[PDB]
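These notes are about the structure you will find just below.
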Amino acid sequence: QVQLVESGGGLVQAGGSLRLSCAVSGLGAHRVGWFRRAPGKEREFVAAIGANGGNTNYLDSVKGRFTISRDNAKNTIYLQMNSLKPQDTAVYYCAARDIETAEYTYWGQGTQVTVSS
Amino acid sequence: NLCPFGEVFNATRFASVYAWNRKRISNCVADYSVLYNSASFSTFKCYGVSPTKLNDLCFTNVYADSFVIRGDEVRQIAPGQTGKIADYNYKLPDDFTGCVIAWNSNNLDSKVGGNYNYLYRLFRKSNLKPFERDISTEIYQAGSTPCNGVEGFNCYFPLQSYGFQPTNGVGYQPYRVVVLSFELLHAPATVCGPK
């Protein structure tokens, strides 16, 4: 099976960009998604990219400042968080899909990124 | 002029099956028999006319259609077949007059490490009518809960990528498919064959 390990999580100052690079095992056909848990809010989609694709759907909240790139070589997905507004603090999790049913099948444990005003 | 039939068959780029490329052949002579006997083509199934007698027919319009699909789903392009690839991407008309040709293309299109460029639709609202291309990326509201433009629960991105790795099983190997549709009528005809 495919399991993902998320790295790059830490506190940053206001407006900082922390580069979230997630190691992936088994990647190449599966699509990968980025999701976050707000302090009291259930997850809502942040970003996902299909393999070797420019097909990107973003939330309006994160529109125009977060973009993703796919190596396809080191089996990693990178998320550049640019000029994060303070209340965006959340735990970001990599996820993969097979034949999507209820939701994405595989959930990595993720990492913690919090901005500081 | 001689018909650019060869150019299309061996062309450098073939698009994904979700969004096919249609090119109109016009005012030219095409040697169908050479393609027919060649062993390059794994399937040359012809509907509405036998290939052998296709030699001397004169045809008012012929259309070139291009897509790449895996070997398992070669059977699914024919008049009337029911399946995900046939129903939600390319459906041949019930009375389609023409030939579907496919050849194994793992040597060129496939790359070691996997070629993920090709994409095929899966979850779609309603079945497409014959010859109907859909390029929409509107998230599919499969579940009752409103999708509201964001992926996730009950919001499915329609596109998914085929896993084209050179080592994969015989069934999952890449194949290159060209659909040629023919129309016969009494009028000036663009392609009249050798005669």
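If you're wondering about the labels, chains in the structure tokens are A, B, ... by order shown, residues count from 1 in each chain, ligands from 1 in order shown.
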
(message) Show me, as a PyMOL selection string, the residues that have an atom within 12 Å of residue 191 of chain B when counting only C-alpha atoms, minus same-chain residues fewer than 2 positions from it.
(response) chain B and resi 1-5+24-32+55-63+182-184+187-189+193-195

(message) Show me, as a list in words, the residues of chain B whose atoms get within 6 Å of chain A, using only C-alpha atoms for the distance check.
(response) residues 116, 117, 153 and 163 of chain B

(request) Name the residues of chain A that come out as strand (DSSP E) in a backbone DSSP run; write them as number ranges by chain. (result) A: 4-6, 12-13, 19-24, 32-37, 44-49, 66-70, 76-81, 90-96, 106-107, 111-113, 115-116

(message) I want to know what sits within 8 Å of segment 133-150 of chain B, based on only C-alpha atoms, with residues of the same chain fewer than 6 positions away left out; could you give that as JSON, numbers by chain?
(response) {"A": [45, 57, 58, 59], "B": [18, 19, 20, 89, 90, 123, 124, 125, 156, 157, 158, 159]}

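Atom CA of residue 174 of chain B sits 6.2 Å away from atom CA of residue 71 of chain B.
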
(message) Residues within 9 Å of residue 69 of chain A, please, as a PyMOL selection string. Count only C-alpha atoms; anything in the same chain fewer than 4 positions from it doesn't count.
(response) chain A and resi 49+54+76-80

Write the selection just made, keeping N, CA, C and O atoms, as a compact mmCIF listing (two decimals), in the first residue's frame?
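File result.txt, as written:
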```txt
# COMPACT_ATOMS: atom_id res chain seq x y z
N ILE A 49 -3.48 18.16 -6.83
CA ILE A 49 -3.02 18.11 -8.21
C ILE A 49 -2.96 16.68 -8.72
O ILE A 49 -2.50 15.78 -8.02
N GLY A 54 -1.82 20.08 -14.80
CA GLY A 54 -2.01 21.45 -14.36
C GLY A 54 -3.41 21.68 -13.83
O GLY A 54 -3.81 22.84 -13.64
N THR A 76 7.34 13.48 -4.38
CA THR A 76 6.97 14.49 -3.41
C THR A 76 5.98 15.46 -4.03
O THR A 76 5.95 15.65 -5.25
N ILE A 77 5.17 16.08 -3.18
CA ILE A 77 4.27 17.16 -3.57
C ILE A 77 4.63 18.37 -2.73
O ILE A 77 4.76 18.25 -1.50
N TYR A 78 4.78 19.52 -3.37
CA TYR A 78 5.18 20.72 -2.65
C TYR A 78 4.08 21.77 -2.66
O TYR A 78 3.46 22.01 -3.70
N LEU A 79 3.84 22.40 -1.52
CA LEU A 79 2.84 23.45 -1.41
C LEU A 79 3.55 24.72 -0.96
O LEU A 79 4.10 24.75 0.15
N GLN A 80 3.54 25.76 -1.78
CA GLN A 80 4.11 27.04 -1.38
C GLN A 80 3.02 27.92 -0.76
O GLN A 80 2.13 28.39 -1.48
```

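You will find atom CA of residue 110 of chain B at 20.0 Å from atom CA of residue 85 of chain B.
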
(message) Excluding segment 93-105 of chain B and its own-chain neighbours fewer than 2 positions away, which residues fall within 8 Å of it when counting only C-alpha atoms? Please give them as a ChimeraX atom specification.
(response) /B:40-49,71,74,77,79-80,91,107-110,130-131,173-183

Please save N, CA and C atoms of the selected residues as an mmCIF file, in the first residue's frame.
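To be explicit, this is the file written out as result_35.cif:
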```cif
data_model
loop_
_atom_site.group_PDB
_atom_site.id
_atom_site.type_symbol
_atom_site.label_atom_id
_atom_site.label_comp_id
_atom_site.auth_asym_id
_atom_site.auth_seq_id
_atom_site.Cartn_x
_atom_site.Cartn_y
_atom_site.Cartn_z
ATOM 1 N N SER B 40 0.773 -4.085 -38.543
ATOM 2 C CA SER B 40 0.953 -3.037 -37.547
ATOM 3 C C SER B 40 -0.300 -2.868 -36.707
ATOM 4 N N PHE B 41 -1.461 -3.056 -37.324
ATOM 5 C CA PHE B 41 -2.745 -2.808 -36.689
ATOM 6 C C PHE B 41 -3.245 -4.071 -36.001
ATOM 7 N N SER B 42 -3.413 -3.982 -34.679
ATOM 8 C CA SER B 42 -3.936 -5.102 -33.907
ATOM 9 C C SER B 42 -5.428 -5.303 -34.137
ATOM 10 N N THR B 43 -6.192 -4.222 -34.247
ATOM 11 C CA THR B 43 -7.609 -4.318 -34.572
ATOM 12 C C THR B 43 -7.935 -3.345 -35.693
ATOM 13 N N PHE B 44 -8.602 -3.833 -36.737
ATOM 14 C CA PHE B 44 -9.032 -2.992 -37.849
ATOM 15 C C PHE B 44 -10.510 -3.246 -38.111
ATOM 16 N N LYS B 45 -11.278 -3.434 -37.043
ATOM 17 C CA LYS B 45 -12.675 -3.814 -37.194
ATOM 18 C C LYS B 45 -13.414 -2.740 -37.986
ATOM 19 N N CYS B 46 -14.193 -3.158 -38.984
ATOM 20 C CA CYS B 46 -14.934 -2.238 -39.840
ATOM 21 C C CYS B 46 -16.432 -2.495 -39.774
ATOM 22 N N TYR B 47 -17.199 -1.424 -39.571
ATOM 23 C CA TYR B 47 -18.650 -1.459 -39.409
ATOM 24 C C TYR B 47 -19.314 -0.702 -40.543
ATOM 25 N N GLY B 48 -20.318 -1.323 -41.153
ATOM 26 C CA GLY B 48 -21.074 -0.705 -42.209
ATOM 27 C C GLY B 48 -20.557 -1.026 -43.587
ATOM 28 N N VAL B 49 -19.326 -1.511 -43.668
ATOM 29 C CA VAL B 49 -18.732 -1.937 -44.924
ATOM 30 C C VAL B 49 -17.601 -2.902 -44.601
ATOM 31 N N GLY B 71 -5.627 -1.276 -23.461
ATOM 32 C CA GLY B 71 -6.048 -2.467 -24.183
ATOM 33 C C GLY B 71 -7.326 -3.092 -23.663
ATOM 34 N N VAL B 74 -10.537 -1.648 -25.339
ATOM 35 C CA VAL B 74 -10.658 -1.550 -26.796
ATOM 36 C C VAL B 74 -12.017 -2.059 -27.270
ATOM 37 N N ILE B 77 -15.326 0.427 -27.566
ATOM 38 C CA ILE B 77 -15.760 1.341 -28.609
ATOM 39 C C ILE B 77 -16.285 0.506 -29.770
ATOM 40 N N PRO B 79 -20.693 0.238 -31.720
ATOM 41 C CA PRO B 79 -22.054 0.740 -31.538
ATOM 42 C C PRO B 79 -22.762 -0.035 -30.441
ATOM 43 N N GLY B 80 -23.256 0.687 -29.446
ATOM 44 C CA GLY B 80 -24.116 0.098 -28.445
ATOM 45 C C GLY B 80 -23.482 -0.430 -27.178
ATOM 46 N N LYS B 91 -18.904 7.802 -27.467
ATOM 47 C CA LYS B 91 -19.914 6.813 -27.821
ATOM 48 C C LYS B 91 -20.121 6.806 -29.324
ATOM 49 N N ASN B 107 5.720 1.280 -26.956
ATOM 50 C CA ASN B 107 7.086 1.640 -27.325
ATOM 51 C C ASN B 107 7.282 3.152 -27.394
ATOM 52 N N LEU B 108 6.325 3.879 -27.972
ATOM 53 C CA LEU B 108 6.481 5.322 -28.144
ATOM 54 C C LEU B 108 5.857 6.152 -27.022
ATOM 55 N N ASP B 109 4.536 6.069 -26.861
ATOM 56 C CA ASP B 109 3.852 6.914 -25.885
ATOM 57 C C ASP B 109 4.271 6.617 -24.453
ATOM 58 N N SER B 110 4.374 5.346 -24.086
ATOM 59 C CA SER B 110 4.741 5.006 -22.720
ATOM 60 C C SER B 110 6.219 5.275 -22.454
ATOM 61 N N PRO B 130 -24.252 10.463 -29.006
ATOM 62 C CA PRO B 130 -23.168 10.122 -29.934
ATOM 63 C C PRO B 130 -22.320 11.317 -30.348
ATOM 64 N N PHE B 131 -21.007 11.098 -30.383
ATOM 65 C CA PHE B 131 -20.030 12.104 -30.801
ATOM 66 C C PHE B 131 -20.129 13.410 -30.009
ATOM 67 N N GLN B 173 -1.903 -2.190 -21.050
ATOM 68 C CA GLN B 173 -0.952 -1.537 -21.930
ATOM 69 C C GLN B 173 -1.626 -0.449 -22.770
ATOM 70 N N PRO B 174 -0.880 0.587 -23.147
ATOM 71 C CA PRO B 174 -1.426 1.631 -24.025
ATOM 72 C C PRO B 174 -1.736 1.181 -25.440
ATOM 73 N N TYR B 175 -2.854 1.678 -25.969
ATOM 74 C CA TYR B 175 -3.207 1.442 -27.358
ATOM 75 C C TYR B 175 -3.619 2.769 -27.975
ATOM 76 N N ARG B 176 -3.365 2.913 -29.269
ATOM 77 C CA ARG B 176 -3.651 4.144 -29.991
ATOM 78 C C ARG B 176 -4.840 3.862 -30.895
ATOM 79 N N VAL B 177 -5.914 4.632 -30.761
ATOM 80 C CA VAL B 177 -7.132 4.342 -31.506
ATOM 81 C C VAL B 177 -7.509 5.502 -32.415
ATOM 82 N N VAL B 178 -7.746 5.206 -33.689
ATOM 83 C CA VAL B 178 -8.245 6.179 -34.653
ATOM 84 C C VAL B 178 -9.618 5.708 -35.118
ATOM 85 N N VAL B 179 -10.620 6.578 -35.015
ATOM 86 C CA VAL B 179 -11.970 6.279 -35.489
ATOM 87 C C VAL B 179 -12.221 7.032 -36.787
ATOM 88 N N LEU B 180 -12.490 6.305 -37.865
ATOM 89 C CA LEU B 180 -12.839 6.907 -39.146
ATOM 90 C C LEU B 180 -14.310 6.648 -39.435
ATOM 91 N N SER B 181 -15.099 7.712 -39.548
ATOM 92 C CA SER B 181 -16.528 7.603 -39.812
ATOM 93 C C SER B 181 -16.808 7.992 -41.257
ATOM 94 N N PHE B 182 -17.596 7.180 -41.964
ATOM 95 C CA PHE B 182 -17.848 7.418 -43.376
ATOM 96 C C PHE B 182 -19.327 7.694 -43.616
ATOM 97 N N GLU B 183 -19.620 8.566 -44.581
ATOM 98 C CA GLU B 183 -20.989 8.856 -44.993
ATOM 99 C C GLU B 183 -21.136 8.646 -46.494
#
```

(message) Would you pick out the contacts of segment 5-9 of chain A at 9 Å or less, using only C-alpha atoms, so that residues sharing its chain but fewer than 5 positions from it are not included, and give the list as a list in words?
(response) residues 18, 19, 20, 21, 22, 23, 24, 25, 91, 92, 93, 94, 108, 109, 110, 111, 112, 113 and 114 of chain A

Dump N, CA and C atoms for the selected residues as an mmCIF file, in the first residue's frame?
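What ended up in out_32.cif:
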```cif
data_model
loop_
_atom_site.group_PDB
_atom_site.id
_atom_site.type_symbol
_atom_site.label_atom_id
_atom_site.label_comp_id
_atom_site.auth_asym_id
_atom_site.auth_seq_id
_atom_site.Cartn_x
_atom_site.Cartn_y
_atom_site.Cartn_z
ATOM 1 N N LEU A 18 6.132 29.088 4.505
ATOM 2 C CA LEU A 18 6.774 27.850 4.908
ATOM 3 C C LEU A 18 6.489 26.817 3.831
ATOM 4 N N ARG A 19 7.549 26.245 3.271
ATOM 5 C CA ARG A 19 7.439 25.326 2.145
ATOM 6 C C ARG A 19 7.165 23.913 2.646
ATOM 7 N N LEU A 20 5.970 23.416 2.358
ATOM 8 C CA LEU A 20 5.495 22.107 2.802
ATOM 9 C C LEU A 20 5.776 21.081 1.718
ATOM 10 N N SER A 21 6.778 20.245 1.970
ATOM 11 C CA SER A 21 7.197 19.197 1.057
ATOM 12 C C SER A 21 6.910 17.864 1.727
ATOM 13 N N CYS A 22 6.131 17.023 1.056
ATOM 14 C CA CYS A 22 5.682 15.754 1.610
ATOM 15 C C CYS A 22 6.252 14.584 0.822
ATOM 16 N N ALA A 23 7.000 13.710 1.497
ATOM 17 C CA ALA A 23 7.547 12.534 0.829
ATOM 18 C C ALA A 23 6.413 11.571 0.513
ATOM 19 N N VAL A 24 6.397 10.994 -0.685
ATOM 20 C CA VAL A 24 5.325 10.059 -1.005
ATOM 21 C C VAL A 24 5.904 8.744 -1.513
ATOM 22 N N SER A 25 5.301 7.630 -1.111
ATOM 23 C CA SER A 25 5.727 6.296 -1.516
ATOM 24 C C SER A 25 4.686 5.744 -2.480
ATOM 25 N N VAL A 91 -3.544 22.260 10.530
ATOM 26 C CA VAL A 91 -2.718 21.080 10.294
ATOM 27 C C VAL A 91 -3.014 20.545 8.897
ATOM 28 N N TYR A 92 -1.987 20.478 8.058
ATOM 29 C CA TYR A 92 -2.133 20.087 6.664
ATOM 30 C C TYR A 92 -1.776 18.617 6.480
ATOM 31 N N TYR A 93 -2.631 17.883 5.770
ATOM 32 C CA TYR A 93 -2.476 16.448 5.568
ATOM 33 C C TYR A 93 -2.461 16.086 4.093
ATOM 34 N N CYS A 94 -1.494 15.260 3.702
ATOM 35 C CA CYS A 94 -1.450 14.733 2.347
ATOM 36 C C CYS A 94 -2.466 13.602 2.249
ATOM 37 N N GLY A 108 -2.388 10.511 5.339
ATOM 38 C CA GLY A 108 -1.148 10.598 6.071
ATOM 39 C C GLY A 108 -1.390 11.341 7.383
ATOM 40 N N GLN A 109 -0.464 11.230 8.337
ATOM 41 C CA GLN A 109 -0.676 11.923 9.606
ATOM 42 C C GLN A 109 -0.478 13.439 9.543
ATOM 43 N N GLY A 110 0.305 13.955 8.607
ATOM 44 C CA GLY A 110 0.454 15.398 8.442
ATOM 45 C C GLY A 110 1.493 16.060 9.332
ATOM 46 N N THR A 111 1.375 17.386 9.435
ATOM 47 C CA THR A 111 2.293 18.207 10.221
ATOM 48 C C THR A 111 1.603 19.507 10.626
ATOM 49 N N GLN A 112 2.213 20.212 11.581
ATOM 50 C CA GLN A 112 1.668 21.438 12.169
ATOM 51 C C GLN A 112 2.390 22.698 11.712
ATOM 52 N N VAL A 113 1.670 23.599 11.046
ATOM 53 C CA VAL A 113 2.218 24.888 10.633
ATOM 54 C C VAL A 113 1.330 25.992 11.200
ATOM 55 N N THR A 114 1.900 26.848 12.046
ATOM 56 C CA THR A 114 1.158 27.952 12.644
ATOM 57 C C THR A 114 1.875 29.276 12.412
#
```

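Backbone DSSP of segment 9-193 of chain B yields alpha helix (DSSP H) at residues 9, 32, 33, 34, 35, 36, 37, 84, 85, 86, 87 and 88 of chain B.
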
Write the residues of the selection above to a file with N, CA, C and O atoms, as a CSV table (one decimal), in the first residue's frame.
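That gives us again_38.csv:
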```
chain,number,residue,atom,x,y,z
B,9,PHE,N,-2.0,8.6,-38.5
B,9,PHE,CA,-1.9,7.3,-37.8
B,9,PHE,C,-0.6,7.2,-37.0
B,9,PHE,O,-0.6,6.7,-35.9
B,32,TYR,N,-6.8,2.6,-48.6
B,32,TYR,CA,-7.2,1.9,-47.4
B,32,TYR,C,-6.6,0.5,-47.4
B,32,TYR,O,-6.3,0.0,-46.3
B,33,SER,N,-6.4,-0.2,-48.5
B,33,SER,CA,-5.9,-1.6,-48.5
B,33,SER,C,-4.5,-1.7,-47.9
B,33,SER,O,-4.3,-2.7,-47.2
B,34,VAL,N,-3.7,-0.7,-48.1
B,34,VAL,CA,-2.3,-0.9,-47.5
B,34,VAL,C,-2.4,-1.0,-46.0
B,34,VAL,O,-1.8,-1.9,-45.4
B,35,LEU,N,-3.2,-0.2,-45.4
B,35,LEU,CA,-3.4,-0.2,-44.0
B,35,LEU,C,-4.0,-1.5,-43.6
B,35,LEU,O,-3.7,-2.1,-42.5
B,36,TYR,N,-5.0,-2.0,-44.4
B,36,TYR,CA,-5.7,-3.2,-44.1
B,36,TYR,C,-4.8,-4.4,-43.9
B,36,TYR,O,-4.8,-5.1,-42.9
B,37,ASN,N,-4.0,-4.7,-44.9
B,37,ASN,CA,-3.2,-5.9,-44.8
B,37,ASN,C,-2.0,-5.8,-43.8
B,37,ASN,O,-1.6,-6.8,-43.3
B,84,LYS,N,-18.0,2.6,-18.7
B,84,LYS,CA,-17.6,3.9,-18.3
B,84,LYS,C,-16.9,4.7,-19.4
B,84,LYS,O,-17.3,5.8,-19.6
B,85,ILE,N,-15.9,4.1,-20.0
B,85,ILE,CA,-15.2,4.7,-21.1
B,85,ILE,C,-16.0,5.0,-22.3
B,85,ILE,O,-15.9,6.1,-22.9
B,86,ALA,N,-16.9,4.1,-22.7
B,86,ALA,CA,-17.8,4.3,-23.8
B,86,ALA,C,-18.9,5.3,-23.5
B,86,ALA,O,-19.1,6.2,-24.3
B,87,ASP,N,-19.5,5.2,-22.3
B,87,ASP,CA,-20.7,6.0,-22.0
B,87,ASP,C,-20.3,7.4,-21.7
B,87,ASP,O,-21.0,8.4,-22.2
B,88,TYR,N,-19.2,7.7,-20.9
B,88,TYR,CA,-19.0,9.0,-20.5
B,88,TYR,C,-17.9,9.8,-21.3
B,88,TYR,O,-17.6,10.9,-20.9
```

(request) Record the distance separating atom CA of residue 106 of chain B and atom CA of residue 167 of chain B, expressed in Å with one decimal. (result) 9.5 Å
